[PDB]
file protein.tsv (TSV, C-alpha atoms and all ligand atoms)
chain	number	residue	atom	x	y	z
A	1	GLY	CA	161.15	-37.63	4.73
A	2	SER	CA	159.80	-39.82	7.55
A	3	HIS	CA	157.77	-41.77	5.00
A	4	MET	CA	156.49	-45.29	5.66
A	5	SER	CA	156.51	-48.32	3.38
A	6	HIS	CA	153.41	-49.69	1.68
A	7	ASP	CA	154.46	-53.33	1.40
A	8	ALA	CA	154.26	-56.13	3.98
A	9	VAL	CA	156.96	-58.82	3.80
A	10	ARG	CA	156.15	-62.20	5.37
A	11	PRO	CA	159.02	-64.70	5.15
A	12	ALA	CA	158.64	-68.46	5.60
A	13	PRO	CA	159.05	-69.54	9.23
A	14	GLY	CA	161.03	-72.66	10.09
A	15	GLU	CA	163.98	-71.97	7.80
A	16	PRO	CA	167.13	-71.35	9.85
A	17	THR	CA	169.45	-68.46	9.07
A	18	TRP	CA	173.02	-69.75	9.47
A	19	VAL	CA	175.32	-71.33	12.04
A	20	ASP	CA	179.08	-70.83	12.25
A	21	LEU	CA	181.56	-72.37	14.66
A	22	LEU	CA	185.04	-70.99	15.28
A	23	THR	CA	187.90	-73.26	16.24
A	24	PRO	CA	191.54	-72.84	17.23
A	25	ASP	CA	192.64	-75.32	14.57
A	26	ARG	CA	190.33	-75.62	11.56
A	27	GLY	CA	192.38	-78.56	10.32
A	28	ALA	CA	191.70	-80.47	13.52
A	29	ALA	CA	188.12	-79.34	13.94
A	30	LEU	CA	187.21	-80.77	10.55
A	31	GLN	CA	188.38	-84.13	11.88
A	32	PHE	CA	186.16	-84.03	14.98
A	33	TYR	CA	183.13	-82.06	13.83
A	34	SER	CA	182.92	-83.79	10.49
A	35	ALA	CA	183.30	-87.16	12.23
A	36	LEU	CA	180.00	-86.54	14.02
A	37	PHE	CA	177.85	-85.96	10.96
A	38	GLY	CA	180.12	-87.58	8.37
A	39	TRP	CA	180.54	-84.63	6.03
A	40	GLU	CA	183.20	-83.95	3.41
A	41	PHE	CA	185.70	-81.14	3.02
A	42	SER	CA	186.13	-78.82	0.05
A	43	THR	CA	188.92	-76.68	-1.36
A	44	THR	CA	189.02	-72.96	-0.67
A	45	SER	CA	189.11	-70.27	-3.32
A	46	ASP	CA	192.45	-68.70	-4.23
A	47	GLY	CA	193.38	-65.06	-3.66
A	48	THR	CA	191.27	-64.82	-0.52
A	49	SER	CA	191.65	-66.06	3.04
A	50	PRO	CA	191.38	-69.81	3.62
A	51	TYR	CA	187.69	-70.77	3.76
A	52	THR	CA	186.61	-74.41	4.00
A	53	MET	CA	183.00	-74.92	2.90
A	54	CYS	CA	181.48	-78.19	4.21
A	55	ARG	CA	179.08	-79.52	1.59
A	56	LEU	CA	177.72	-82.91	0.56
A	57	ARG	CA	175.60	-84.27	-2.29
A	58	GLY	CA	175.95	-80.85	-3.92
A	59	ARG	CA	173.79	-79.42	-1.13
A	60	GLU	CA	174.81	-76.55	1.14
A	61	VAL	CA	175.08	-77.36	4.86
A	62	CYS	CA	177.48	-75.21	6.87
A	63	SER	CA	180.85	-73.50	7.06
A	64	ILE	CA	183.69	-73.56	9.56
A	65	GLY	CA	185.67	-70.57	10.75
A	66	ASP	CA	188.94	-69.98	12.55
A	67	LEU	CA	190.96	-67.41	14.43
A	68	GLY	CA	194.65	-68.31	14.00
A	69	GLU	CA	196.15	-65.45	15.99
A	70	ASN	CA	192.88	-64.04	17.36
A	71	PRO	CA	192.52	-65.08	21.02
A	72	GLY	CA	189.21	-63.21	21.36
A	73	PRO	CA	186.96	-64.14	18.43
A	74	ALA	CA	183.41	-62.96	17.83
A	75	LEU	CA	181.64	-66.34	17.85
A	76	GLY	CA	182.89	-67.91	21.08
A	77	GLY	CA	181.30	-71.26	20.25
A	78	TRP	CA	178.11	-72.49	18.62
A	79	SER	CA	175.21	-70.07	18.53
A	80	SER	CA	171.86	-69.48	16.87
A	81	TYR	CA	171.60	-66.71	14.27
A	82	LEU	CA	168.19	-65.09	14.31
A	83	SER	CA	167.08	-63.04	11.30
A	84	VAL	CA	166.17	-59.44	12.06
A	85	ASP	CA	164.41	-56.77	10.03
A	86	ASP	CA	167.76	-55.05	9.66
A	87	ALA	CA	171.14	-55.09	11.38
A	88	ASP	CA	170.38	-51.59	12.51
A	89	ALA	CA	166.76	-52.35	13.36
A	90	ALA	CA	167.73	-54.91	15.96
A	91	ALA	CA	170.64	-52.91	17.31
A	92	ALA	CA	168.35	-49.87	17.59
A	93	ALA	CA	165.80	-51.77	19.63
A	94	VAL	CA	168.45	-53.37	21.84
A	95	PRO	CA	168.70	-50.22	23.98
A	96	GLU	CA	164.92	-49.72	23.87
A	97	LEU	CA	164.52	-52.93	25.87
A	98	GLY	CA	167.48	-52.19	28.12
A	99	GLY	CA	170.23	-54.26	26.54
A	100	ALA	CA	173.72	-53.42	25.34
A	101	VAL	CA	175.21	-53.83	21.88
A	102	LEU	CA	178.59	-55.56	21.94
A	103	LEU	CA	179.38	-55.83	18.24
A	104	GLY	CA	178.18	-54.19	15.05
A	105	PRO	CA	176.81	-52.67	13.08
A	106	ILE	CA	179.49	-54.06	10.76
A	107	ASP	CA	179.64	-54.70	7.01
A	108	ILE	CA	181.15	-58.11	6.31
A	109	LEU	CA	182.59	-57.80	2.80
A	110	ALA	CA	179.59	-55.60	1.96
A	111	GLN	CA	177.67	-58.88	1.69
A	112	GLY	CA	175.99	-59.10	5.09
A	113	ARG	CA	175.91	-57.80	8.65
A	114	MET	CA	176.46	-59.76	11.88
A	115	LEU	CA	176.20	-58.19	15.33
A	116	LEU	CA	175.84	-59.37	18.92
A	117	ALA	CA	173.75	-57.97	21.78
A	118	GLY	CA	172.68	-58.77	25.32
A	119	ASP	CA	174.50	-58.08	28.57
A	120	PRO	CA	178.17	-57.20	29.05
A	121	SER	CA	178.79	-60.50	30.84
A	122	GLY	CA	179.74	-61.70	27.36
A	123	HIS	CA	176.44	-62.98	26.00
A	124	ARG	CA	176.56	-63.31	22.21
A	125	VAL	CA	173.30	-63.51	20.26
A	126	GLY	CA	173.65	-64.27	16.56
A	127	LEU	CA	171.89	-61.57	14.54
A	128	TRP	CA	171.84	-61.60	10.72
A	129	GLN	CA	170.17	-59.12	8.37
A	130	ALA	CA	167.79	-60.87	5.96
A	131	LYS	CA	167.71	-58.90	2.70
A	132	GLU	CA	167.85	-61.51	-0.09
A	133	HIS	CA	167.03	-64.78	1.67
A	134	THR	CA	166.37	-66.00	5.20
A	135	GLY	CA	168.75	-68.97	4.96
A	136	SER	CA	166.44	-71.06	2.76
A	137	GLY	CA	168.83	-73.84	1.86
A	138	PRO	CA	168.35	-77.36	0.53
A	139	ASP	CA	166.00	-79.55	2.54
A	140	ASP	CA	167.89	-82.83	2.53
A	141	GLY	CA	166.42	-83.78	5.89
A	142	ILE	CA	169.45	-85.16	7.71
A	143	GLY	CA	172.69	-83.23	7.53
A	144	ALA	CA	170.91	-79.89	7.32
A	145	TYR	CA	170.15	-77.51	10.16
A	146	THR	CA	167.08	-78.30	12.25
A	147	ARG	CA	166.16	-75.22	14.27
A	148	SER	CA	167.44	-72.70	16.80
A	149	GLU	CA	167.06	-73.16	20.55
A	150	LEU	CA	168.74	-71.22	23.36
A	151	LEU	CA	168.98	-72.50	26.91
A	152	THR	CA	169.00	-69.60	29.35
A	153	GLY	CA	168.33	-69.25	33.04
A	154	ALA	CA	165.84	-66.45	32.38
A	155	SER	CA	163.23	-67.41	29.78
A	156	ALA	CA	161.13	-64.39	30.76
A	157	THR	CA	164.09	-62.06	30.17
A	158	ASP	CA	165.34	-63.54	26.92
A	159	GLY	CA	161.78	-63.63	25.64
A	160	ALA	CA	161.57	-59.87	26.22
A	161	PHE	CA	164.74	-59.43	24.17
A	162	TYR	CA	163.34	-61.46	21.28
A	163	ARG	CA	159.88	-59.93	21.35
A	164	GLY	CA	161.58	-56.54	21.22
A	165	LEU	CA	164.06	-57.07	18.40
A	166	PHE	CA	161.83	-59.42	16.41
A	167	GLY	CA	158.39	-59.36	17.96
A	168	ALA	CA	155.88	-56.67	17.03
A	169	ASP	CA	157.10	-54.64	20.00
A	170	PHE	CA	160.02	-53.68	17.76
A	171	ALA	CA	157.80	-51.32	15.78
A	172	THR	CA	155.04	-51.18	18.39
A	173	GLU	CA	152.54	-51.82	15.60
A	174	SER	CA	150.85	-54.49	13.51
A	175	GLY	CA	150.03	-54.81	9.81
A	176	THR	CA	153.42	-54.65	8.10
A	177	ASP	CA	154.44	-58.23	8.91
A	178	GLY	CA	153.12	-61.75	9.30
A	179	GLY	CA	155.33	-63.39	11.91
A	180	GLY	CA	157.84	-65.56	10.06
A	181	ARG	CA	160.67	-65.24	12.59
A	182	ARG	CA	162.39	-68.28	14.10
A	183	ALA	CA	163.65	-68.61	17.68
A	184	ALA	CA	163.18	-70.67	20.82
A	185	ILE	CA	164.12	-70.13	24.47
A	186	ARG	CA	163.82	-72.59	27.34
A	187	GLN	CA	164.37	-72.11	31.09
A	188	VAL	CA	166.79	-74.68	32.51
A	189	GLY	CA	170.08	-74.92	34.40
A	190	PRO	CA	170.26	-77.68	37.02
A	191	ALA	CA	168.82	-80.40	34.78
A	192	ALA	CA	170.13	-79.09	31.46
A	193	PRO	CA	172.97	-77.03	29.99
A	194	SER	CA	172.96	-73.33	29.17
A	195	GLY	CA	174.04	-71.38	26.11
A	196	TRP	CA	173.21	-70.75	22.46
A	197	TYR	CA	173.32	-73.91	20.35
A	198	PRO	CA	170.93	-74.88	17.57
A	199	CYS	CA	169.77	-78.42	16.96
A	200	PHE	CA	170.78	-80.63	14.05
A	201	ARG	CA	169.41	-83.81	12.43
A	202	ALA	CA	171.36	-87.07	12.25
A	203	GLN	CA	170.86	-90.82	12.30
A	204	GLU	CA	170.98	-92.76	15.56
A	205	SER	CA	174.46	-93.95	14.55
A	206	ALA	CA	175.67	-90.35	14.89
A	207	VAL	CA	175.12	-90.48	18.66
A	208	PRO	CA	178.03	-92.86	19.26
A	209	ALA	CA	179.99	-91.23	16.44
A	210	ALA	CA	180.63	-88.40	18.89
A	211	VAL	CA	181.16	-90.62	21.93
A	212	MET	CA	183.96	-92.58	20.28
A	213	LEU	CA	185.86	-89.32	19.81
A	214	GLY	CA	185.60	-88.54	23.52
A	215	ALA	CA	182.71	-86.08	23.56
A	216	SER	CA	181.45	-84.93	26.96
A	217	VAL	CA	177.99	-85.96	28.16
A	218	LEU	CA	175.84	-83.27	29.74
A	219	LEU	CA	172.18	-83.96	28.91
A	220	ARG	CA	170.54	-86.34	26.44
A	221	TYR	CA	166.84	-86.33	27.30
A	222	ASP	CA	163.91	-84.12	28.33
A	223	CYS	CA	163.10	-82.62	24.95
A	224	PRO	CA	159.83	-81.79	23.19
A	225	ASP	CA	160.73	-84.07	20.28
A	226	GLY	CA	161.73	-86.94	22.60
A	227	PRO	CA	165.22	-88.35	21.98
A	228	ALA	CA	167.91	-85.70	22.39
A	229	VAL	CA	171.69	-85.72	22.69
A	230	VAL	CA	173.74	-82.76	23.89
A	231	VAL	CA	177.50	-83.24	23.89
A	232	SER	CA	180.24	-80.79	24.78
A	233	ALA	CA	183.19	-80.79	22.41
A	234	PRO	CA	186.67	-80.77	23.93
A	235	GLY	CA	187.36	-77.22	22.76
A	236	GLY	CA	184.22	-75.87	24.42
A	237	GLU	CA	181.70	-76.11	21.59
A	238	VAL	CA	178.22	-77.18	22.79
A	239	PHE	CA	175.61	-78.55	20.39
A	240	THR	CA	172.52	-80.73	20.26
A	241	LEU	CA	171.72	-83.73	18.08
A	242	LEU	CA	168.21	-84.93	17.29
A	243	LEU	CA	167.49	-88.32	15.73
A	244	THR	CA	164.96	-88.07	12.90
A	245	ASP	CA	164.37	-89.41	9.38
B	301	LIG	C1	181.97	-61.28	12.36
B	301	LIG	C2	183.36	-61.12	11.81
B	301	LIG	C3	183.90	-59.85	11.75
B	301	LIG	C4	185.18	-59.63	11.25
B	301	LIG	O1	185.71	-58.37	11.17
B	301	LIG	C5	185.93	-60.70	10.81
B	301	LIG	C6	185.40	-61.98	10.88
B	301	LIG	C7	184.11	-62.21	11.37
B	301	LIG	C8	183.63	-63.65	11.46
B	301	LIG	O2	184.76	-64.53	11.39
B	301	LIG	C9	185.55	-64.25	10.27
B	301	LIG	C10	186.65	-65.31	10.20
B	301	LIG	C11	184.74	-64.15	8.95
B	301	LIG	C12	183.27	-64.36	9.13
B	301	LIG	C13	182.49	-64.84	8.08
B	301	LIG	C14	181.12	-65.00	8.22
B	301	LIG	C15	180.51	-64.69	9.44
B	301	LIG	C16	181.31	-64.26	10.53
B	301	LIG	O3	180.79	-64.05	11.75
B	301	LIG	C17	182.69	-64.06	10.35
B	301	LIG	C18	179.05	-64.75	9.61
B	301	LIG	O4	178.51	-64.32	10.65
B	301	LIG	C19	178.26	-65.27	8.50
B	301	LIG	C20	176.86	-65.44	8.64
B	301	LIG	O5	176.26	-65.15	9.82
B	301	LIG	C21	176.08	-65.87	7.58
B	301	LIG	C22	176.68	-66.16	6.36
B	301	LIG	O6	175.98	-66.56	5.27
B	301	LIG	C23	178.06	-66.07	6.23
B	301	LIG	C24	178.85	-65.62	7.27
B	301	LIG	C25	180.34	-65.50	7.02
B	301	LIG	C26	180.55	-64.52	5.85
B	301	LIG	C27	180.87	-66.90	6.65
B	301	LIG	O7	186.22	-63.00	10.48
call {"tool": "encode", "arguments": {"input": "protein.tsv", "output": "C-alpha cells"}}
result
Amino acid sequence: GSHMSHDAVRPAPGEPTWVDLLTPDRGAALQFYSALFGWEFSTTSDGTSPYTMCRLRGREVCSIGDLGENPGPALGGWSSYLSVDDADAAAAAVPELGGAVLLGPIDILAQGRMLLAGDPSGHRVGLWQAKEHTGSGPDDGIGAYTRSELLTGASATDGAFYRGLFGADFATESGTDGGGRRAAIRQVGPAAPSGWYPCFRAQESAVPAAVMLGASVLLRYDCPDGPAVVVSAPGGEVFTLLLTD
C-alpha cells in the first residue's frame, strides 16, 4: 500500500554487467572473435539450445549468441549493458524523459530481464536488472571486461537518458542509494566512431591479432587512457581494445 523501503543498497561501481554479441554464424565468429583475445571454446549443455560459453583458466569471461533464422535480432552488434534498479524501473522512466521503449519488459527464462530503449531510429541500449549480482566476475585483469563506453553524437542528450534511468532523477530523491552505477558517454563523430561498444583489456600483441584477420581500422587514438584500438569486424561488430597489464 504505497509503502517505501527502509534499506539503501549501494553496489560496487566499476564492475561491468555483461556483454553479448550476436553473429550470423557462431561457428565462424568463434574463429574470428576468439582469435583476437585468444580464448577457448566450451561444450554446450544437452537438452537445451546450443550455447557456447567462452571461458579460460576456469574464469568466466563472456558468451556468444546467434540468430540462425532470425534476420532481425535484438542485439544488433556489440553494446554496453547498464544495470538498472529494475527492468521496469528503467522502462518506466524512459517515457518520463521523453524516450521510447523498443523491447521489454521480458522474462528471459525467468532468470533475468533485458530490454532496449531510446529513439525509434533503432538505438539499442543494453539494460539488465541487477537483483543478485551486478556482473561481479573474476578479476583476471586481461581477458575480462574493462568498462562500458558509448560514442554518441549527443552527449548532452544521452547523459539525460542515463541520469534519468540511473541517476537520482529516476526517483527524484536522495538517500536510498550511493551511486554505484557504471556508464560513460562521449561526444564524437568526425574524428571517432559512433555506437555502443564497451572496452576490453588485452596485450599489445592482440592489436595485430585482429589486423591479420582483416579487421577494419576506424580510430586507434585519442582516449583518456592513452593507447586505444577500435576495429570494425567484417560482420559489422564494433569494439575497442585497450592495452594494459
Ligand atoms: C533478449 C532475447 C529475447 C528472446 O526472446 C530470445 C533471445 C534473446 C537474446 O538472444 C537469445 C539467443 C538468448 C539470450 C540470452 C541472453 C541474453 C540475450 O539478450 C538473449 C542477455 O541479454 C543476457 C544478459 O544480458 C546477461 C546474462 O547474464 C545472460 C544473458 C543471456 C541469458 C545469455 O535469444
call {"tool": "residues_near_point", "arguments": {"input": "protein.tsv", "point": "(169.7, -80.3, 34.5)", "cutoff": "12 Å", "atoms": "all atoms listed in the file", "output": "list in words"}}
result
residues 151, 152, 153, 187, 188, 189, 190, 191, 192, 193, 194, 217, 218, 219, 220, 221, 222, 223 and 230 of chain A
call {"tool": "residues_around", "arguments": {"input": "protein.tsv", "residues": "region 44-57 of chain A", "least_positions_apart": "4", "cutoff": "9 Å", "atoms": "only C-alpha atoms", "output": "VMD selection string"}}
result
chain A and resid 26 30 34 39 to 40 61 to 66 143
call {"tool": "residues_near_point", "arguments": {"input": "protein.tsv", "point": "(158.2, -68.0, 6.1)", "cutoff": "7 Å", "atoms": "all atoms listed in the file", "output": "ChimeraX atom specification"}}
result
/A:10-14,180
call {"tool": "residues_near_ligand", "arguments": {"input": "protein.tsv", "ligand": "ligand LIG 301 (chain B)", "cutoff": "7 Å", "atoms": "all atoms listed in the file", "output": "PDB file with C-alpha atoms, in the frame of the given file"}}
result
ATOM      1  CA  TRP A  18     173.020 -69.750   9.470  1.00  0.00           C
ATOM      2  CA  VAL A  19     175.320 -71.330  12.040  1.00  0.00           C
ATOM      3  CA  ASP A  20     179.080 -70.830  12.250  1.00  0.00           C
ATOM      4  CA  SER A  63     180.850 -73.500   7.060  1.00  0.00           C
ATOM      5  CA  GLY A  65     185.670 -70.570  10.750  1.00  0.00           C
ATOM      6  CA  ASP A  66     188.940 -69.980  12.550  1.00  0.00           C
ATOM      7  CA  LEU A  67     190.960 -67.410  14.430  1.00  0.00           C
ATOM      8  CA  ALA A  74     183.410 -62.960  17.830  1.00  0.00           C
ATOM      9  CA  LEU A  75     181.640 -66.340  17.850  1.00  0.00           C
ATOM     10  CA  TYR A  81     171.600 -66.710  14.270  1.00  0.00           C
ATOM     11  CA  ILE A 108     181.150 -58.110   6.310  1.00  0.00           C
ATOM     12  CA  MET A 114     176.460 -59.760  11.880  1.00  0.00           C
ATOM     13  CA  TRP A 128     171.840 -61.600  10.720  1.00  0.00           C
TER      14      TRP A 128
END
call {"tool": "residues_around", "arguments": {"input": "protein.tsv", "residues": "residue 123 (chain A)", "least_positions_apart": "6", "cutoff": "9 Å", "atoms": "only C-alpha atoms", "output": "VMD selection string"}}
result
chain A and resid 102 116 to 117 195
call {"tool": "axis_aligned_box", "arguments": {"input": "protein.tsv", "around": "region 205-224 of chain A", "padding_each_side": "3 Å", "output": "AutoDock Vina command-line options"}}
result
--center_x 172.8 --center_y -87.9 --center_z 22.1 --size_x 32.0 --size_y 18.2 --size_z 21.2
call {"tool": "atom_distance", "arguments": {"input": "protein.tsv", "atom1": "CA of residue 199 (chain A)", "atom2": "CA of residue 110 (chain A)"}}
result
29.0 Å
call {"tool": "closest_residue", "arguments": {"input": "protein.tsv", "among": "A:215, A:100, A:228, A:93", "to": "residue 203 (chain A)", "atoms": "all atoms listed in the file"}}
result
A:228
call {"tool": "closest_residue", "arguments": {"input": "protein.tsv", "among": "A:176, A:121, A:205, A:216", "to": "residue 8 (chain A)", "atoms": "only C-alpha atoms"}}
result
A:176
call {"tool": "residues_around", "arguments": {"input": "protein.tsv", "residues": "residue 127 (chain A)", "least_positions_apart": "5", "cutoff": "12 Å", "atoms": "only C-alpha atoms", "output": "ChimeraX atom specification"}}
result
/A:16-20,75,79-91,94,101-106,112-118,134,162,165-166,181-183
call {"tool": "write_last_selection", "arguments": {"input": "protein.tsv", "atoms": "C-alpha atoms", "output": "compact mmCIF listing (two decimals), keeping the file's coordinate frame"}}
result
# COMPACT_ATOMS: atom_id res chain seq x y z
CA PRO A 16 167.13 -71.35 9.85
CA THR A 17 169.45 -68.46 9.07
CA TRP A 18 173.02 -69.75 9.47
CA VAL A 19 175.32 -71.33 12.04
CA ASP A 20 179.08 -70.83 12.25
CA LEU A 75 181.64 -66.34 17.85
CA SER A 79 175.21 -70.07 18.53
CA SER A 80 171.86 -69.48 16.87
CA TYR A 81 171.60 -66.71 14.27
CA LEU A 82 168.19 -65.09 14.31
CA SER A 83 167.08 -63.04 11.30
CA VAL A 84 166.17 -59.44 12.06
CA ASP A 85 164.41 -56.77 10.03
CA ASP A 86 167.76 -55.05 9.66
CA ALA A 87 171.14 -55.09 11.38
CA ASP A 88 170.38 -51.59 12.51
CA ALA A 89 166.76 -52.35 13.36
CA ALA A 90 167.73 -54.91 15.96
CA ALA A 91 170.64 -52.91 17.31
CA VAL A 94 168.45 -53.37 21.84
CA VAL A 101 175.21 -53.83 21.88
CA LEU A 102 178.59 -55.56 21.94
CA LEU A 103 179.38 -55.83 18.24
CA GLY A 104 178.18 -54.19 15.05
CA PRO A 105 176.81 -52.67 13.08
CA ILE A 106 179.49 -54.06 10.76
CA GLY A 112 175.99 -59.10 5.09
CA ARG A 113 175.91 -57.80 8.65
CA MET A 114 176.46 -59.76 11.88
CA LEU A 115 176.20 -58.19 15.33
CA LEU A 116 175.84 -59.37 18.92
CA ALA A 117 173.75 -57.97 21.78
CA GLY A 118 172.68 -58.77 25.32
CA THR A 134 166.37 -66.00 5.20
CA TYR A 162 163.34 -61.46 21.28
CA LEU A 165 164.06 -57.07 18.40
CA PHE A 166 161.83 -59.42 16.41
CA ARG A 181 160.67 -65.24 12.59
CA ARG A 182 162.39 -68.28 14.10
CA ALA A 183 163.65 -68.61 17.68
call {"tool": "decode", "arguments": {"input": "protein.tsv", "residues": "region 133-196 of chain A", "atoms": "C-alpha atoms", "output": "compact mmCIF listing (two decimals), in the first residue's frame"}}
result
# COMPACT_ATOMS: atom_id res chain seq x y z
CA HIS A 133 24.82 -9.55 -8.61
CA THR A 134 25.93 -6.64 -10.77
CA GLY A 135 28.19 -8.74 -13.00
CA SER A 136 30.94 -9.14 -10.40
CA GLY A 137 33.06 -11.73 -12.17
CA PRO A 138 36.66 -12.85 -11.78
CA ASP A 139 39.25 -10.08 -11.96
CA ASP A 140 41.92 -11.75 -14.08
CA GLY A 141 42.99 -8.39 -15.49
CA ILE A 142 43.42 -9.18 -19.17
CA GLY A 143 40.72 -11.19 -20.90
CA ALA A 144 37.99 -9.77 -18.70
CA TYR A 145 35.70 -6.85 -19.47
CA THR A 146 37.13 -3.38 -18.85
CA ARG A 147 34.27 -0.89 -18.81
CA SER A 148 31.34 0.49 -20.79
CA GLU A 149 31.64 3.47 -23.12
CA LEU A 150 29.15 4.72 -25.70
CA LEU A 151 30.09 7.06 -28.53
CA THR A 152 27.13 9.23 -29.47
CA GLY A 153 26.72 12.47 -31.35
CA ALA A 154 24.72 13.96 -28.48
CA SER A 155 26.50 13.59 -25.13
CA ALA A 156 24.07 16.08 -23.57
CA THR A 157 21.09 14.00 -24.73
CA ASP A 158 22.40 10.57 -23.82
CA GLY A 159 23.50 11.93 -20.46
CA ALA A 160 19.90 12.97 -19.80
CA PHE A 161 18.78 9.43 -20.59
CA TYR A 162 21.29 7.93 -18.17
CA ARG A 163 20.72 10.43 -15.40
CA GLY A 164 17.01 9.65 -15.71
CA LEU A 165 17.07 5.86 -15.74
CA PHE A 166 20.04 5.53 -13.39
CA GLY A 167 20.78 8.94 -11.95
CA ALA A 168 18.90 10.22 -8.92
CA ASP A 169 16.43 11.90 -11.27
CA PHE A 170 14.90 8.45 -11.63
CA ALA A 171 13.33 8.71 -8.18
CA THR A 172 13.75 12.48 -7.91
CA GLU A 173 15.20 11.95 -4.44
CA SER A 174 18.35 11.15 -2.49
CA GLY A 175 19.12 8.89 0.47
CA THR A 176 18.19 5.42 -0.78
CA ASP A 177 21.32 4.91 -2.89
CA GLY A 178 25.02 5.61 -3.04
CA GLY A 179 25.86 5.92 -6.73
CA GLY A 180 27.41 2.62 -7.81
CA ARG A 181 26.20 2.70 -11.42
CA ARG A 182 28.58 2.32 -14.36
CA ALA A 183 28.33 4.14 -17.71
CA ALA A 184 30.24 6.53 -19.95
CA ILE A 185 29.23 8.71 -22.90
CA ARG A 186 31.49 10.74 -25.17
CA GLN A 187 30.64 13.24 -27.93
CA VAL A 188 32.39 12.39 -31.20
CA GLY A 189 31.64 11.63 -34.85
CA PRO A 190 34.07 13.12 -37.36
CA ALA A 191 37.21 12.05 -35.51
CA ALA A 192 35.83 8.87 -33.92
CA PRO A 193 33.21 6.18 -34.48
CA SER A 194 29.69 6.04 -33.06
CA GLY A 195 27.74 3.30 -31.33
CA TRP A 196 27.59 1.19 -28.18
